[PDB]
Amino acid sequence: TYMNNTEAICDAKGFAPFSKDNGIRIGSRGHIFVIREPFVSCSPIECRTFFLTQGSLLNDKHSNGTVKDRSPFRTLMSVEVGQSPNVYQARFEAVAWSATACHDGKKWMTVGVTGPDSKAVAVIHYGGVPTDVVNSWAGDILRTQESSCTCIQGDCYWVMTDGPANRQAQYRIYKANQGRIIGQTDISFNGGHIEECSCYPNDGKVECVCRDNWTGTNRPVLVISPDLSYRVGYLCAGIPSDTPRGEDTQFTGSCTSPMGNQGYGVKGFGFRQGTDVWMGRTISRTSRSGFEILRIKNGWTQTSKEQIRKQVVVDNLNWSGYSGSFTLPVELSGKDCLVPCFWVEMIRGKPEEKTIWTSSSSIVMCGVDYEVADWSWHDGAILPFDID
């Protein structure tokens, strides 16, 4: 039976640990994939960690040079959340150097984008098999979320980017039924830049918090109705949740325009909470180190930095990276609303440590009704490996 992500978000007070794979610590000996983009996404029955492999395993020579972001050996596979991205438990989902995956209550749709930088093709899988195909409309690295895509009453949505990554590019939405592309829409944000959205279903509409990789230290935002009418802009809160970013003291927030004079960025997430927001970000403001989630009073519809709640998930002395959003269906949490959860990717190796390789492990957290003590669930792996 179809799965109804119609409900709003359970207003949540803190975040409690859900899972941790220790993949990289395990990889020293076990047979673990060198991975990246380890996102989470649930079905009426299970939560899964999706990932992108470099076609290799930790502590092997083939993990050499796994910094490179786009290879023909790259594949999207999945394991049950908390389980490390190891060979013998992984399902192959698709070939991909960029991806997204979700469940309509019946089957898993996954989208694997591969091919030459010039014309990349996006391969929709519904229930395992390729069911539809999306070519690069603009011939500059067709790409996608690197996090869960949303499915509201059987129909699934997601955001793709094409064009350069250091200036204006183009941004489309896509819609599908059982792996069938039955709808698309152009996102017009001139002077904007929308990368790797972190989406979730709220109040019937899928809300996204994304990455301005051009000039924004604040995050693109966009709300999507099932008819593809959208509002796109920026997270109103006057607290830059990107990296690199400026200081909280010196920054002006906008619901309409990119702020700061910083290029670059990194994937991130936010959760509306009526009027407030939960927003994640690295602790360091220049490096991908540490992690923490912030609750901003009226941060969702206004430019304030009122900080009701703050919580550290990883300390500033430890490597983080991507983070992303998903929800627990109703058929799982028992809640009467979609529990806001998220994950954090903790990258290790190149280009900051003595390794030929580059991989990440994760730490997932979930919205509960109470506040939770601050701590650090860091990767905890000892580098270099013998293959150095």
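One-based numbering along the sequence shown.
J.: Per the entry, where is the mean C-alpha temperature factor higher: 222 to 230 or 95 to 103?
T.: According to the PDB entry, the answer is 222 to 230.
J.: Mind pulling up the entry and telling me whether 250 to 258 or 109 to 117 has the higher mean Cα temperature factor?
T.: If you average the C-alpha B-factors of 250 to 258 and of 109 to 117, the larger mean comes out for 250 to 258.
J.: Hey, out of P164, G82, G270, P85, whose CA B-factor is highest in the deposited coordinates?
T.: Comparing C-alpha B-factors across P164, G82, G270, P85, the top value belongs to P164.
J.: Whose CA atom has the top B-factor in the entry, of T303, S147, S78, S71?
T.: Going by the entry's C-alpha B-factors, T303 comes out highest.
J.: Quick one: classify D140 as lowest, middle or highest third of the chain based on its Cα B-factor.
T.: Highest third, going by the recorded CA B-factors of the chain.
J.: If you rank every modelled residue in this chain by C-alpha B factor, which third holds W158: lowest, middle or highest?
T.: Its C-alpha B-factor, which the entry lists for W158, ranks in the lowest third among residues of this chain.
J.: Ranked by Cα temperature factor within the chain, is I124 in the lowest third, the middle third or the highest third?
T.: For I124, the deposited C-alpha B-factor lands in the lowest third.
J.: Quick check for you: using the entry's CA B-factors within this chain, is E352 in the lowest, middle or highest third?
T.: Its C-alpha B-factor belongs to the middle third of this chain's values.
J.: Among all modelled residues of this chain, ranked by Cα B factor, put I363 in the bottom, middle or top third, i.e. lowest, middle or highest.
T.: Ranked within chain, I363 CA B lands in the lowest tercile.
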